[PDB]
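**Student:** Let me begin by handing over the structure; questions about it come next.
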2 protein chains.
Amino acid sequence: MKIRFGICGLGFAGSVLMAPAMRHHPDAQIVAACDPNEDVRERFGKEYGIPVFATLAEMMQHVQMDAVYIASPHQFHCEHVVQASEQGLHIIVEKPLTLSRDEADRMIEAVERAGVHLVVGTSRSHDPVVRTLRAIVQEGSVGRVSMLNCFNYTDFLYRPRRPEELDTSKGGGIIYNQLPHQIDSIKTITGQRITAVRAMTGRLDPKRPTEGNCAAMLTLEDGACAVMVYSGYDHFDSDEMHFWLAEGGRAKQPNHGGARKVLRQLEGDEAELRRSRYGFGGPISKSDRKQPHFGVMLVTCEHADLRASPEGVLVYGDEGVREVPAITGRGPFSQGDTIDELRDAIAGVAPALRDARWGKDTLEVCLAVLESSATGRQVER
Amino acid sequence: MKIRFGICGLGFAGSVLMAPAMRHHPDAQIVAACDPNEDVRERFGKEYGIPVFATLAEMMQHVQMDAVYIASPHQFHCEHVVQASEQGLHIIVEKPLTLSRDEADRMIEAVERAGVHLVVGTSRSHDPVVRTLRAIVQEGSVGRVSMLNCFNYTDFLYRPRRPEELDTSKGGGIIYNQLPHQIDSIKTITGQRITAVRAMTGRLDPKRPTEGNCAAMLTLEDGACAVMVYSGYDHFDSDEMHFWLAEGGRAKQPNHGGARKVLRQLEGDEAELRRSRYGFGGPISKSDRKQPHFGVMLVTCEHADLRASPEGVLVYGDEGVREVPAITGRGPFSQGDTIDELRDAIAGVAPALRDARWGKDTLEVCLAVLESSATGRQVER
């Protein structure tokens with residue numbers, strides 16, 4: 001029925017992506033928020049008409065709530081998840097889940113012993129086009145998946161960043177912040193375990209020395225494979241091969257120089273541009289759109305190739321093309337579907353797919369990309 | 001200067017692709033032809049005004065010539081190559097080179113002991129867009145190649161075929177008839193040896209049980225990798241992601257049912273449709289075009305992504321996009337460039353790149369795709 005949510009961590013994912021989508025979602029009410037930053041917290045409390053807090057602990061002591069949406073920096077996810085679990089609160093947590101397998105185990109153990117439901121965390125696998133691709137595959141007519149092909153060329157590395165985000169050791173770069181979207185989509189579309197990983201990564205800019213590109217072949221469990229390719233250097237832009245839609249569904253304008261131009265001319269400190277542009281009540285808090293997507297994703301089955309469209313899925317069949325509209329979610333497009341997955345779990349309609357074990361599993365696939373790329377070898381798991 | 005050519009084997013590659021391109025090529029004169037089929041041979045002799053013959057041996061005994069273009073069925077390539085070599089004639093040979101490593105060794109040994117030049121055989125790597133991509137890479141400004149991404153979705157399996165062409169054991173299917181175009185392009189663009197192969201193949205149609213799709217990751221020798229994906233089931237059509245140009249440069253019209261429709265309604269025997277449509281003086285002998293291409297090919301370097309265009313190469317740089325026209329060849333687009341590579345070799349301007357050893361090497365990479373796909377393992381070579 002109606003889930004009373006607290007938001008924990010009010011950076012970009014929290015305040016600007018998820019929060020408005022929650023207001024607008026009919027099965028969800030924002031009831032409270034916390035963040036370490038007194039400034040942002042207070043502004044957010046005024047605009048949404050809710051009490052706010054400096055720590056999760058305090059929010060849990062002072063507001064009747066059913067779930068927490070945890071959008072704190074990843075280094076805080078483990079303890080935030082344990083803490084919510086110990087209160088019997090259900091959870092949505094942003095990616096990265098964690099960087100650490102041990103953490104991931106502590107999270108699983110806490111959630112399971114508490115009996116709560118957890119979902120992670122607005123992936124692009126919540127995109128209805130990806131859910132639609134799954135429905136088409138299970139439905140059966142299209143036949144078995146033989147292979148998938150996903151690629152996304154992007155300007156990610158040249159968006160405004162804090163300097164810890166350009167250190168893979170601290171969680172930066174595309175392995176932890178982008179590849180999970182493809183990996184989760186591949187798992188979602190196929191319903192198969194990833195059993196082997198061959199990947200190569202590059203860090204083609206030494207001024208920003210984290211991973212910006214990757215080429216990978218993922219072996220799935222029935223012998224099907226998925227190729228996954230990602231590059232973030234703001235060179236090719238693959239929305240050209242996806243109807244010139246942006247990732248978030250709104251039409252895109254070519255801007256190839258784009259993010260790199262903005263940074264070169266920038267006078268001052270980039271970290272500031274980051275928090276002033278993507279913070280709460282900054283520019284991008286200003287948001288007739290089509291389906292969201294992540295690069296292009298070509299699923300080749302026995303009786304068809306499948307591809308995400310602005311409205312649903314393009315099915316290239318034996319007979320020629322036809323279109324399938326995207327499965328209606330109850331609220332907004334990705335963000336809303338994340339909420340639906342939890343509601344469904346709490347309601348006993350459907351247990352969560354993207355639980356803590358699925359998260360750990362995606363973390364392991366990321367680690368296997370790092371290993372395969374260091375050693376040159378396909379990594380079995 | 002002017003190369004006097006004999007054409008040996010007058011099926012589609014010989015009579016309809018290469019022959020007109022040779023007339024039109026200024027450094028080349030067709031001087032004679034052979035083919036086992038009295039009918040086709042004679043028709044061809046009338047139209048090109050040349051003497052014709054039932055066997056290579058006879059042609060070599062009766063016409064002063066400098067080179068042979070060998071477009072016989074692949075099972076005949078070995079002996080055709082040995083025979084020409086033993087006469088001191090230079091050679092262009094169509095792919096497949098051979099299916100057999102031993103054959104490939106006999107071919108190398110004959111060519112080398114005779115001192116003749118050999119090129120194989122009109123690959124899509126002779127496409128000037130591919131040569132242009134190479135020039136850009138060697139030129140250096142764009143920086144090192146980190147990874148390549150090539151894909152082509154096609155209707156190959158449902159074009160009209162003789163029944164031996166739907167038996168991998170006899171040389172059919174995409175491993176020997178399509179993948180070499182990508183493999184050769186990858187080698188040409190990068191100038192690197194392929195040192196490992198992870199691939200999966202499918203035969204998604206049991207009525208036509210040869211390989212129709214493949215997903216592969218090719219490891220190159222400096223650590224760069226190339227992803228290669230191919231599907232031929234007439235479902236998705238990737239010319240959509242290449243400006244709706246066909247492979248051969250002429251604008252394309254969507255026809256997704258296309259080749260499969262033609263076959264389903266076909267009354268009679270498919271082998272007949274094959275030789276009556278693609279034979280000499282059939283329909284497709286009827287041939288203002290742009291650059292040829294093979295699916296799309298995205299080369300991601302340190303300072304740019306590169307992509308083939310209808311006019312040359314699209315360079316997505318730090319600064320934004322710019323276009324480089326395709327290196328002018330001396331004659332027509334792919335076919336002509338194949339001739340230039342031999343002329344250059346005979347003239348002492350540049351030895352051939354695509355010699356018999358390069359061919360064997362491509363054959364080994366194809367074999368490694370077959371092995372990797374049977375075993376699930378990356379194959380080192």
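Numbering starts fresh at 1 for the residues of each chain in the structure tokens, the chains themselves are lettered A, B, ... in the order given, and ligands are numbered from 1 as they appear.
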Contacts from chain A to chain B, 6 Å maximum, only C-alpha atoms: show me the residue list as a VMD selection string.
**Tutor:** chain A and resid 204 235 to 236 241 256 to 257 302 304 to 305 316 to 317 319 to 320
**Student:** Residue 329 of chain B: which residues within 10 Å, counting only C-alpha atoms, same-chain residues fewer than 6 positions away excluded, as a PyMOL selection string?
**Tutor:** chain B and resi 126-128+131+336-340
**Student:** How would you write, as JSON, numbers by chain, the set of residues in segment 104-248 of chain B that DSSP gives as strand (DSSP E)?
**Tutor:** {"B": [118, 119, 120, 145, 146, 147, 148, 149, 150, 151, 152, 153, 194, 195, 196, 197, 198, 199, 200, 201, 202, 213, 214, 215, 216, 217, 218, 219, 220, 225, 226, 227, 228, 229, 230, 231]}
**Student:** Could you save those same residues with N, CA and C atoms as a short mmCIF file (atom, residue, chain, number, x, y, z; two decimals), in the first residue's frame?
**Tutor:**
data_model
loop_
_atom_site.label_atom_id
_atom_site.label_comp_id
_atom_site.auth_asym_id
_atom_site.auth_seq_id
_atom_site.Cartn_x
_atom_site.Cartn_y
_atom_site.Cartn_z
N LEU B 118 51.71 -12.61 -54.20
CA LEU B 118 50.36 -13.06 -53.99
C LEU B 118 49.65 -12.12 -53.09
N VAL B 119 48.42 -11.77 -53.40
CA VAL B 119 47.56 -11.05 -52.49
C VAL B 119 46.25 -11.82 -52.33
N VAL B 120 45.65 -11.82 -51.14
CA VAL B 120 44.27 -12.31 -50.99
C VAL B 120 43.28 -11.20 -50.64
N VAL B 145 45.75 2.83 -30.08
CA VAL B 145 44.53 2.09 -30.02
C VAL B 145 44.45 1.38 -28.69
N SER B 146 43.32 1.54 -28.00
CA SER B 146 43.03 0.79 -26.78
C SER B 146 42.14 -0.41 -27.06
N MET B 147 41.17 -0.24 -27.93
CA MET B 147 40.19 -1.27 -28.16
C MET B 147 39.46 -0.98 -29.45
N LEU B 148 39.00 -2.00 -30.16
CA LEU B 148 38.13 -1.82 -31.31
C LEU B 148 36.80 -2.48 -31.06
N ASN B 149 35.75 -1.98 -31.70
CA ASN B 149 34.44 -2.63 -31.63
C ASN B 149 33.85 -2.77 -33.02
N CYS B 150 33.69 -3.97 -33.53
CA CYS B 150 33.13 -4.16 -34.86
C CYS B 150 31.89 -4.99 -34.73
N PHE B 151 30.81 -4.61 -35.41
CA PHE B 151 29.67 -5.53 -35.52
C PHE B 151 29.00 -5.38 -36.87
N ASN B 152 28.30 -6.42 -37.29
CA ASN B 152 27.61 -6.43 -38.57
C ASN B 152 26.46 -7.37 -38.34
N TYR B 153 25.24 -6.90 -38.46
CA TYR B 153 24.04 -7.74 -38.50
C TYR B 153 23.51 -7.66 -39.93
N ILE B 194 47.05 -11.07 -33.66
CA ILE B 194 46.04 -11.54 -32.78
C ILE B 194 46.64 -12.67 -31.96
N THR B 195 46.74 -12.51 -30.66
CA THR B 195 47.41 -13.50 -29.79
C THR B 195 46.46 -14.31 -28.93
N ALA B 196 45.19 -13.94 -28.86
CA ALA B 196 44.25 -14.84 -28.17
C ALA B 196 42.82 -14.61 -28.68
N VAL B 197 41.98 -15.62 -28.54
CA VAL B 197 40.63 -15.63 -29.09
C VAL B 197 39.70 -16.27 -28.09
N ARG B 198 38.71 -15.49 -27.64
CA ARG B 198 37.55 -16.01 -26.97
C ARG B 198 36.34 -15.77 -27.86
N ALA B 199 35.66 -16.85 -28.29
CA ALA B 199 34.46 -16.71 -29.15
C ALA B 199 33.38 -17.76 -28.83
N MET B 200 32.14 -17.45 -29.21
CA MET B 200 30.95 -18.30 -29.06
C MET B 200 30.33 -18.21 -30.42
N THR B 201 29.86 -19.31 -31.00
CA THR B 201 29.11 -19.25 -32.28
C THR B 201 27.74 -19.91 -32.07
N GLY B 202 26.76 -19.55 -32.89
CA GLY B 202 25.45 -20.18 -32.91
C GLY B 202 25.06 -20.59 -34.31
N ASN B 213 25.77 -16.85 -36.38
CA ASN B 213 26.25 -15.73 -35.54
C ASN B 213 27.45 -16.02 -34.69
N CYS B 214 28.14 -14.96 -34.31
CA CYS B 214 29.31 -15.14 -33.53
C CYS B 214 29.56 -13.96 -32.69
N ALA B 215 29.97 -14.19 -31.45
CA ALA B 215 30.46 -13.13 -30.60
C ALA B 215 31.88 -13.49 -30.19
N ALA B 216 32.81 -12.54 -30.38
CA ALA B 216 34.23 -12.77 -30.07
C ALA B 216 34.96 -11.58 -29.52
N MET B 217 35.93 -11.88 -28.66
CA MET B 217 36.87 -10.93 -28.18
C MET B 217 38.25 -11.42 -28.59
N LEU B 218 38.91 -10.56 -29.34
CA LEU B 218 40.22 -10.85 -29.87
C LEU B 218 41.26 -10.10 -29.06
N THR B 219 42.21 -10.80 -28.48
CA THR B 219 43.27 -10.10 -27.79
C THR B 219 44.44 -9.81 -28.77
N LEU B 220 44.88 -8.57 -28.82
CA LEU B 220 45.97 -8.20 -29.66
C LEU B 220 47.23 -8.16 -28.80
N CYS B 225 42.52 -4.93 -27.21
CA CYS B 225 41.56 -5.95 -27.72
C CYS B 225 40.54 -5.42 -28.72
N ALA B 226 40.01 -6.33 -29.54
CA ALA B 226 38.97 -6.06 -30.49
C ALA B 226 37.76 -6.96 -30.20
N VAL B 227 36.58 -6.39 -30.09
CA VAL B 227 35.38 -7.18 -30.02
C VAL B 227 34.84 -7.30 -31.43
N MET B 228 34.39 -8.49 -31.81
CA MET B 228 33.88 -8.77 -33.16
C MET B 228 32.57 -9.52 -32.92
N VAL B 229 31.49 -8.99 -33.48
CA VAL B 229 30.17 -9.58 -33.39
C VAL B 229 29.56 -9.63 -34.78
N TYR B 230 28.92 -10.74 -35.11
CA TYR B 230 28.33 -10.95 -36.47
C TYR B 230 27.09 -11.78 -36.31
N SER B 231 26.02 -11.37 -37.00
CA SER B 231 24.79 -12.18 -37.08
C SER B 231 24.15 -12.02 -38.46
#
**Student:** If you count only C-alpha atoms, which residues fall within 7 Å of residue 181 of chain B, apart from same-chain ones fewer than 2 positions away, as a PyMOL selection string?
**Tutor:** chain B and resi 123-125+178-179+183-185
**Student:** Which residues are near residue 132 of chain A? Cut-off 10 Å, only C-alpha atoms, ignore same chain within fewer than 5 positions. Put them as a CSV table (one decimal) with N, CA and C atoms, in the first residue's frame.
**Tutor:**
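Here's the written file selection-v5.csv:
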chain,number,residue,atom,x,y,z
A,127,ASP,N,15.1,0.3,-15.8
A,127,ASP,CA,14.5,0.9,-17.0
A,127,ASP,C,13.5,0.0,-17.5
A,137,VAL,N,11.8,-12.2,-23.7
A,137,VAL,CA,12.5,-13.4,-23.6
A,137,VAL,C,11.8,-14.5,-22.9
A,189,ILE,N,17.9,-9.3,-18.4
A,189,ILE,CA,17.4,-9.8,-19.6
A,189,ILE,C,17.5,-11.3,-19.7
A,308,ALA,N,16.2,-1.9,-27.7
A,308,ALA,CA,15.4,-0.9,-26.9
A,308,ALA,C,15.1,0.2,-27.9
A,312,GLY,N,9.7,1.4,-26.3
A,312,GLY,CA,9.6,0.0,-25.9
A,312,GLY,C,10.6,-0.8,-26.5
A,313,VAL,N,10.3,-1.9,-27.2
A,313,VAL,CA,11.3,-2.7,-27.8
A,313,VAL,C,11.0,-3.0,-29.3
A,324,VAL,N,7.0,-3.2,-29.5
A,324,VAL,CA,6.3,-3.6,-28.3
A,324,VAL,C,6.4,-2.4,-27.3
A,325,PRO,N,5.3,-1.8,-26.9
A,325,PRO,CA,5.4,-0.8,-25.9
A,325,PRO,C,6.0,-1.3,-24.5
A,326,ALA,N,6.7,-0.4,-23.9
A,326,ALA,CA,7.3,-0.6,-22.6
A,326,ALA,C,6.3,-0.9,-21.5
A,327,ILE,N,6.5,-2.0,-20.8
A,327,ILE,CA,5.7,-2.3,-19.7
A,327,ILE,C,5.5,-1.1,-18.7
A,328,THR,N,4.2,-0.7,-18.6
A,328,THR,CA,3.8,0.4,-17.7
A,328,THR,C,4.3,0.1,-16.3
**Student:** So which one's closest to residue 252 of chain B, B:101, B:290, B:24, B:117? Using only C-alpha atoms, please.
**Tutor:**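 Closest residue, counting only C-alpha atoms: B:290.
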**Student:** Restricting the calculation to only C-alpha atoms, which member of B:18, B:89, B:68, B:40 is positioned closest to residue 282 of chain B?
**Tutor:** B:40
**Student:** Can you list, as a PyMOL selection string, every protein, DNA or RNA residue that comes within 10 Å of segment 57-67 of chain B when you count only C-alpha atoms, leaving out same-chain residues fewer than 2 positions away?
**Tutor:** chain B and resi 2-8+28-34+51-55+69-70+80+83-85+87-92+116-118+342-343+346
**Student:** Hey, what's within 9 Å of residue 210 of chain A if we count only C-alpha atoms and toss same-chain stuff fewer than 4 positions away? As a ChimeraX atom specification, please?
**Tutor:** /A:157,165-169,172-175,202-206
**Student:** Run DSSP on the backbone and give me the residues of segment 31-245 of chain B it puts in alpha helix (DSSP H), as a count of residues only.
**Tutor:** 70
**Student:** Mind checking which residues fall within 10 Å of residue 310 of chain B, counting only C-alpha atoms, ignoring those fewer than 6 positions away in the same chain, and posting them as a PyMOL selection string?
**Tutor:** chain B and resi 129+242-246+249-251+289-293+325-326
